[PDB]
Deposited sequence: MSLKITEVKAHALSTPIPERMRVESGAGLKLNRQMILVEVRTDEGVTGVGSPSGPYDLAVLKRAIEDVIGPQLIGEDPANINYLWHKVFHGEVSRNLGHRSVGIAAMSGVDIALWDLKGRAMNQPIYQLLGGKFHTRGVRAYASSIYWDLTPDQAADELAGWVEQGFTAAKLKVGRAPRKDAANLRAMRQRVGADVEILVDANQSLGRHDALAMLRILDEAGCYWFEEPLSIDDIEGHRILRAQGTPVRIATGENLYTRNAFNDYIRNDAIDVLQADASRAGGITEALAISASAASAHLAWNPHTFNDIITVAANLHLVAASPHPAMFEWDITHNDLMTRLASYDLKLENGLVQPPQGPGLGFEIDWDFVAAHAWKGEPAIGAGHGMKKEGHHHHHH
């Protein structure tokens, strides 16, 4: 029986090189939960959110509610904190990072990867990944080149940011499909930038180009607009969720027949604990859960252990942008085999932290 002695939040911030910027810094909080017997777990509450707000929430609001507690009771602790002080968002985010750390700690205590605790792999072969993402302000040829580039590197799917210039978005999509043919999935992300009627015009283009999904087509507040898009009955999936923070917001999408793909992120929506609940509610409704994963290798890994164990058709976000928090933080890297990735096979999240890298990038006050 362990006891928690420390809850630490390490603020990290690395500037993005000039020629890469589409974006000032890749930031994260590396949560570290320590115990009296020396078993340690780590986590990440995603981002970008203010690092000092997160650090303060984790060490000084959540932390004291955990000191002295048996880390094994993750279910109890999640509910202790939720009905502790945070309730009376960045708070759910803060909770998520701690929750992941607790799951990592649990896997490490048992010497098992997280996915083994969750019933083992569903996707034994691996998980279909997509390249995230091809960004704004490209010509048709550049968009198609970058896509062909990802395919050549082994991806069978990629995402395109759209919504700033819909006529150009359409030109891009047509060049892309033409370049790669029908066997590559092309995903689209509008980041809430469209109203209902522009989204409907866009959906007709997506349908013609055979797009896999239309992500955040509208403001997250407009559930009815999402219902309208879904109601058009195209084979293009309506997707949202990276900016939703509760089951009792995802349920409102479900109840209203408003969504095809839930994108709840374990590092944002209440941890592995709540992501398990959100994933199951999606399954119950015969809808997909394909999480947003974009921040660092910890948020990616946390989501990947759940994805690998879930029966959902996989469409797994893999950040391909220049990001030291993806490639340098830990011993686990991208490895594609026939378009598929496999979760780390070590204990807990399944890899080791490069603590030299950690200390080298402590936050000094940088924004993003």
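Colleague: Enumerate the deposited-sequence segments absent from the coordinates, judged by C-alpha atoms, in order of position.
Modeller: According to the record, the gaps fall at 1, 24-29, 96-100, 381-397.
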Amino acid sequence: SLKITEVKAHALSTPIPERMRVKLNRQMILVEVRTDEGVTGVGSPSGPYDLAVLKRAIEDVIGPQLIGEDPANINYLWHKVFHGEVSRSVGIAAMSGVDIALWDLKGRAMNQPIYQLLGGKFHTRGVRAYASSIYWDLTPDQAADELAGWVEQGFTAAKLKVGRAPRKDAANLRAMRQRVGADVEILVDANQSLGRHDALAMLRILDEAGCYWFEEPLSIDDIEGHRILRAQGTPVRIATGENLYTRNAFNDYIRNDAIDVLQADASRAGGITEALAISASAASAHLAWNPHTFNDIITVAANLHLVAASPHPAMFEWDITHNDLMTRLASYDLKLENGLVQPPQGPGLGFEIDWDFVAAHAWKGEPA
From here on, numbers count along this sequence of modelled residues.
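Colleague: Comparing 253-261 with 203-211, where is the mean C-alpha B-factor higher?
Modeller: Result: 253-261.
Colleague: Between 56-64 and 325-333, name whichever shows the higher mean Cα B factor according to the PDB entry.
Modeller: Stretch with the higher mean C-alpha B-factor: 325-333.
Colleague: Identify, among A301, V39, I29, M315, the residue whose C-alpha carries the highest B-factor in the deposited PDB entry.
Modeller: Among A301, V39, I29, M315, the highest C-alpha B-factor in the entry belongs to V39.
Colleague: Select one of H197, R179, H226, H79: the residue whose C-alpha shows the highest B-factor in the crystal structure entry.
Modeller: Among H197, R179, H226, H79, the highest C-alpha B-factor in the entry belongs to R179.
Colleague: Can you tell me whether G107 has a C-alpha B-factor in the lowest, middle or highest third compared with the other modelled residues of the same chain?
Modeller: Ranked within chain, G107 CA B lands in the middle tercile.
Colleague: For the chain shown, is the CA B-factor of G348 in the lowest, middle or highest third of its modelled residues?
Modeller: For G348, the deposited C-alpha B-factor lands in the lowest third.
Colleague: Should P71 be placed in the lowest, middle or highest third of its chain by the C-alpha B factor in the entry?
Modeller: Its C-alpha B-factor, which the entry lists for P71, ranks in the middle third among residues of this chain.
Colleague: By the recorded C-alpha temperature factor, relative to the other modelled residues in its chain, which third is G149 in?
Modeller: For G149, whose C-alpha B-factor we compare with every modelled residue in the chain, the answer is the middle third.
Colleague: Tell me, lowest, middle or highest third: where does the Cα B factor of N248 rank within its chain?
Modeller: Its C-alpha B-factor belongs to the highest third of this chain's values.
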